[PDB]
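Chemist: Input target29.csv, format and content: CSV, C-alpha atoms.
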chain,number,residue,atom,x,y,z
Q,107,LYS,CA,-19.0,-4.8,19.0
Q,108,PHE,CA,-16.1,-2.2,18.8
Q,109,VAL,CA,-18.1,0.2,20.9
Q,110,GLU,CA,-16.8,-0.4,24.5
Q,111,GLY,CA,-13.4,-1.6,23.1
Q,112,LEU,CA,-12.7,1.9,22.4
Q,113,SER,CA,-15.1,3.5,24.8
Q,114,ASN,CA,-12.9,2.8,27.7
Q,115,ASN,CA,-10.2,4.5,25.6
Q,116,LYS,CA,-12.6,7.4,25.9
Q,117,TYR,CA,-10.7,10.3,27.5
Q,118,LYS,CA,-7.5,9.1,26.0
Q,119,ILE,CA,-8.8,9.4,22.4
Q,120,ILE,CA,-10.5,12.8,22.9
Q,121,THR,CA,-7.3,14.6,24.2
Q,122,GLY,CA,-5.4,13.1,21.3
Q,123,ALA,CA,-8.2,14.4,19.0
Q,124,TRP,CA,-7.8,17.8,20.6
Q,125,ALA,CA,-4.0,17.7,19.9
Q,126,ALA,CA,-4.8,16.5,16.4
Q,127,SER,CA,-7.3,19.3,15.8
Q,128,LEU,CA,-5.0,22.1,17.1
Q,129,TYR,CA,-1.8,20.8,15.6
Q,130,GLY,CA,-3.7,20.1,12.4
Q,131,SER,CA,-5.5,23.4,12.2
Q,132,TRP,CA,-2.1,25.0,12.8
Q,133,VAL,CA,-0.9,24.4,9.3
Q,134,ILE,CA,-4.2,25.6,7.7
Q,135,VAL,CA,-4.1,28.8,9.8
Q,136,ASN,CA,-0.3,29.3,9.2
Q,137,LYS,CA,-0.3,28.7,5.4
Q,138,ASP,CA,-1.7,32.2,4.8
Q,139,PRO,CA,0.8,34.4,6.8
Q,140,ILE,CA,0.1,38.1,7.6
Q,141,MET,CA,-1.0,37.8,11.2
Q,142,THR,CA,1.5,37.5,14.1
Q,143,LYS,CA,2.1,34.0,15.5
Q,144,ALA,CA,0.0,34.7,18.6
Q,145,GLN,CA,-3.2,35.4,16.6
Q,146,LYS,CA,-2.6,32.3,14.6
Q,147,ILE,CA,-2.3,30.3,17.8
Q,148,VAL,CA,-5.4,31.7,19.4
Q,149,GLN,CA,-7.5,31.2,16.2
Q,150,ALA,CA,-6.3,27.6,15.7
Q,151,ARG,CA,-7.0,26.9,19.3
Q,152,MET,CA,-10.4,28.6,19.1
Q,153,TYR,CA,-11.4,26.2,16.3
Q,154,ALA,CA,-9.8,23.2,18.0
Q,155,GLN,CA,-11.7,23.4,21.3
Q,156,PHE,CA,-15.1,23.9,19.5
Q,157,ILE,CA,-14.1,20.6,18.0
Q,158,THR,CA,-13.3,18.9,21.3
Q,159,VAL,CA,-16.5,20.1,23.1
Q,160,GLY,CA,-18.6,19.0,20.1
Q,161,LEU,CA,-16.8,15.6,20.2
Q,162,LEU,CA,-17.4,15.5,24.0
Q,163,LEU,CA,-21.1,15.8,23.7
Q,164,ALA,CA,-20.9,13.1,21.0
Q,165,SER,CA,-19.0,11.3,23.8
Q,166,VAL,CA,-22.1,11.3,26.1
Q,167,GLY,CA,-24.1,10.4,23.0
Q,168,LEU,CA,-22.0,7.3,22.7
Q,169,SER,CA,-22.2,6.7,26.4
Q,170,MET,CA,-25.9,6.1,26.2
Q,171,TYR,CA,-25.6,4.4,22.8
Q,172,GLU,CA,-23.4,1.9,24.6
Q,173,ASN,CA,-24.8,0.8,28.0
Q,174,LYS,CA,-28.1,-0.5,26.7
Q,175,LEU,CA,-25.6,-3.4,26.1
Q,176,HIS,CA,-25.5,-4.5,29.7
Q,177,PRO,CA,-27.5,-2.5,32.3
Q,178,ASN,CA,-26.3,-1.4,35.8
Q,179,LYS,CA,-22.6,-1.3,35.6
Q,180,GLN,CA,-20.3,0.3,38.2
Q,181,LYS,CA,-21.3,-2.8,40.2
Q,182,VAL,CA,-21.9,-5.8,37.9
Q,183,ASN,CA,-18.2,-6.5,37.6
Q,184,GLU,CA,-17.4,-5.6,41.1
Q,185,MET,CA,-19.6,-8.7,41.0
Q,186,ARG,CA,-16.8,-10.2,38.9
Q,187,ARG,CA,-14.0,-9.1,41.2
Q,188,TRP,CA,-15.7,-10.1,44.4
Q,189,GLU,CA,-17.1,-13.4,42.9
Q,190,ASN,CA,-13.8,-14.8,42.0
Q,191,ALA,CA,-12.0,-13.3,44.9
Q,192,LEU,CA,-14.5,-15.3,46.9
Q,193,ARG,CA,-13.9,-18.6,45.4
Q,194,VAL,CA,-10.1,-18.1,45.2
Q,195,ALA,CA,-10.5,-18.1,49.0
Q,196,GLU,CA,-12.3,-21.4,48.3
Q,197,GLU,CA,-9.4,-22.8,46.4
Q,198,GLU,CA,-7.1,-22.1,49.4
Q,199,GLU,CA,-9.5,-23.4,52.1
Q,200,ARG,CA,-9.8,-26.9,50.6
Q,201,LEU,CA,-6.2,-28.1,50.3
Q,202,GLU,CA,-5.3,-26.5,53.6
Q,203,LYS,CA,-8.1,-28.7,55.0
Q,204,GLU,CA,-6.9,-31.7,53.0
Q,205,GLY,CA,-3.2,-30.7,52.7
R,13,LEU,CA,31.3,73.8,20.4
R,14,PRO,CA,32.4,70.5,19.0
R,15,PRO,CA,33.5,70.5,15.3
R,16,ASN,CA,31.7,67.3,14.4
R,17,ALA,CA,28.3,68.0,16.1
R,18,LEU,CA,26.5,69.0,12.9
R,19,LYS,CA,27.2,66.1,10.6
R,20,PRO,CA,24.4,63.6,10.1
R,21,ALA,CA,24.3,60.6,12.4
R,22,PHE,CA,22.8,58.1,10.0
R,23,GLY,CA,23.7,58.8,6.4
R,24,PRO,CA,21.5,57.4,3.7
R,25,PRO,CA,17.8,56.8,4.4
R,26,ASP,CA,16.8,53.4,3.2
R,27,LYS,CA,13.8,53.4,0.8
R,28,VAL,CA,12.7,49.7,0.5
R,29,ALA,CA,12.4,48.8,4.2
R,30,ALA,CA,10.4,51.9,4.7
R,31,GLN,CA,8.1,51.0,1.8
R,32,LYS,CA,7.8,47.5,3.2
R,33,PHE,CA,7.1,48.8,6.6
R,34,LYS,CA,4.3,51.0,5.2
R,35,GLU,CA,2.8,48.3,3.1
R,36,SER,CA,2.6,46.0,6.1
R,37,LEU,CA,1.2,49.0,8.0
R,38,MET,CA,-1.6,49.3,5.4
R,39,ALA,CA,-2.0,45.6,4.7
R,40,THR,CA,-2.7,44.4,8.2
R,41,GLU,CA,-5.5,47.0,8.1
R,42,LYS,CA,-7.2,45.3,5.1
R,43,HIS,CA,-6.6,41.8,6.5
R,44,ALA,CA,-7.9,43.0,10.0
R,45,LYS,CA,-11.1,44.3,8.4
R,46,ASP,CA,-11.7,41.0,6.6
R,47,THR,CA,-10.8,39.1,9.8
R,48,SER,CA,-13.2,41.2,11.8
R,49,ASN,CA,-15.9,40.5,9.2
R,50,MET,CA,-15.6,36.8,9.3
R,51,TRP,CA,-15.2,36.7,13.1
R,52,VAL,CA,-18.5,38.6,13.7
R,53,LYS,CA,-19.9,36.2,11.2
R,54,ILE,CA,-18.7,33.3,13.3
R,55,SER,CA,-19.7,35.0,16.6
R,56,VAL,CA,-23.3,35.5,15.5
R,57,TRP,CA,-23.8,32.3,13.4
R,58,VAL,CA,-22.3,29.9,15.9
R,59,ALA,CA,-21.9,31.5,19.3
R,60,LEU,CA,-25.5,32.9,19.8
R,61,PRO,CA,-27.1,29.7,18.3
R,62,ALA,CA,-25.2,28.1,21.2
R,63,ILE,CA,-26.4,30.3,24.0
R,64,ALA,CA,-29.8,30.1,22.4
R,65,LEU,CA,-29.8,26.3,22.7
R,66,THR,CA,-28.2,26.1,26.2
R,67,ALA,CA,-30.4,28.7,27.9
R,68,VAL,CA,-33.5,26.7,27.0
R,69,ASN,CA,-31.7,23.7,28.4
R,70,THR,CA,-30.6,25.4,31.7
R,71,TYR,CA,-34.0,27.1,32.4
R,72,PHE,CA,-35.4,23.6,32.7
R,73,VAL,CA,-32.8,22.5,35.2
R,74,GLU,CA,-33.0,25.8,37.1
R,75,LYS,CA,-36.6,24.9,37.5
I'd like the structure from this file rewritten - as structure tokens, please.
Modeler:
Amino acid sequence: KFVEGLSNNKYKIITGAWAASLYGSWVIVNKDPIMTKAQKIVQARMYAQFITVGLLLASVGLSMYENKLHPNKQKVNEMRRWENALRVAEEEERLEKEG
Amino acid sequence: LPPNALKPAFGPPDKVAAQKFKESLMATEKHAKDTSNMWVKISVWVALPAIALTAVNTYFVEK
């Protein structure tokens, strides 16, 4: 139901989730200060991209959760585009024959 | 021979920002030991059970 509705927002949610994981892990790594700021940045970033690559293999898991919905896309709405581009040539051909 | 060459150039040595320098000098040691402990813990509990699962995935595709 919801699955493709935010699975074409797929690579726009995971970069936001990366930014969320780094800028959220930043306060948890910065609340206990004795390291210099660079070590806090590299450890928060080290956690955050483990999160984004785990979420990205969950991304391919969703990708084949989701297209047992309708098989063989990358063409079955080039079907859509070409089918109504076709008979929108039809809508012009008629009333230039009869207009 | 200048007259004023032998007077001290700094005056009083500060005693709390030397102690605070030395406690940070000896506290980043203890925190670095604990940080190294938990990071070898992470690097062997997570990183080698990652190469251990992807080498068996890539041997199949290298075949």
Chemist: Starting from chain R, keep only residues with some atom at most 9 Å from an atom of chain Q, counting only C-alpha atoms, and report them as an MDAnalysis selection string.
Modeler: chainID R and resid 36 39:40 43:44
Chemist: Please produce a file of the residues just selected, as a PDB file, in the coordinates of the input, where the atoms kept are C-alpha atoms.
Modeler:
ATOM      1  CA  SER R  36       2.600  46.000   6.100  1.00  0.00           C
ATOM      2  CA  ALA R  39      -2.000  45.600   4.700  1.00  0.00           C
ATOM      3  CA  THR R  40      -2.700  44.400   8.200  1.00  0.00           C
ATOM      4  CA  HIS R  43      -6.600  41.800   6.500  1.00  0.00           C
ATOM      5  CA  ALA R  44      -7.900  43.000  10.000  1.00  0.00           C
TER       6      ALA R  44
END
Chemist: Env of residue Q:135: 12 Å cut, atoms = all atoms listed in the file, seq-sep filter 3 positions within chain, self excluded. Answer as a VMD selection string.
Modeler: chain Q and resid 127 to 132 138 to 154
Chemist: Between atom CA of residue Q:168 and atom CA of residue Q:183, what is the distance in Å, rounded to a tenth?
Modeler: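 Separation between atom CA of residue Q:168 and atom CA of residue Q:183: 20.7 Å.
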Chemist: Record the distance separating atom CA of residue Q:182 and atom CA of residue Q:117, expressed in Å with one decimal.
Modeler: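 Separation between atom CA of residue Q:182 and atom CA of residue Q:117: 22.2 Å.
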Chemist: At what distance in Å, to one decimal, does atom CA of residue R:74 lie from atom CA of residue Q:167?
Modeler: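 So the two atoms, atom CA of residue Q:167 and atom CA of residue R:74, lie 22.7 Å apart.
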Chemist: Could you work out an axis-aligned box for stretch 31-50 of chain R, taking every atom the file lists and adding 6 Å on each side, and report centre and edge lengths in Å to one decimal, as JSON?
Modeler:
{"center_x": -3.9, "center_y": 43.9, "center_z": 6.8, "size_x": 36.0, "size_y": 26.2, "size_z": 22.0}
Chemist: With 9 Å as the threshold, what does the neighbourhood of (-8.8, 17.9, 18.7) contain in terms of residues, counting only C-alpha atoms? Coordinates are those of the file; answer as a list in words.
Modeler: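 The requested residues, written out, are residues 120, 121, 122, 123, 124, 125, 126, 127, 128, 129, 130, 154, 155, 156, 157, 158 and 161 of chain Q.
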Chemist: Stretch 32-58 of chain R near stretch 20-28 of chain R within 12 Å: what's each residue's closest atom pair and its distance in Å to one decimal, counting only C-alpha atoms, ordered by chain then ascending residue number, as CSV?
Modeler:
residue,atom,partner,partner_atom,distance
R:32,CA,R:28,CA,6.0
R:33,CA,R:28,CA,8.3
R:34,CA,R:28,CA,9.7
R:35,CA,R:28,CA,10.3
Chemist: For residue Q:175, list every protein, DNA or RNA residue within 12 Å, evaluated using all atoms listed in the file, and leave out those in the same chain fewer than 4 positions away; present the list as a list in words.
Modeler: residues 107, 109, 110, 168, 169, 170, 171 and 179 of chain Q
Chemist: Suppose we keep C-alpha atoms; can you now write the selection as a short mmCIF file (atom, residue, chain, number, x, y, z; two decimals), in the coordinates of the input?
Modeler:
data_model
loop_
_atom_site.label_atom_id
_atom_site.label_comp_id
_atom_site.auth_asym_id
_atom_site.auth_seq_id
_atom_site.Cartn_x
_atom_site.Cartn_y
_atom_site.Cartn_z
CA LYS Q 107 -19.00 -4.80 19.00
CA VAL Q 109 -18.10 0.20 20.90
CA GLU Q 110 -16.80 -0.40 24.50
CA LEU Q 168 -22.00 7.30 22.70
CA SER Q 169 -22.20 6.70 26.40
CA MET Q 170 -25.90 6.10 26.20
CA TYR Q 171 -25.60 4.40 22.80
CA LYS Q 179 -22.60 -1.30 35.60
#
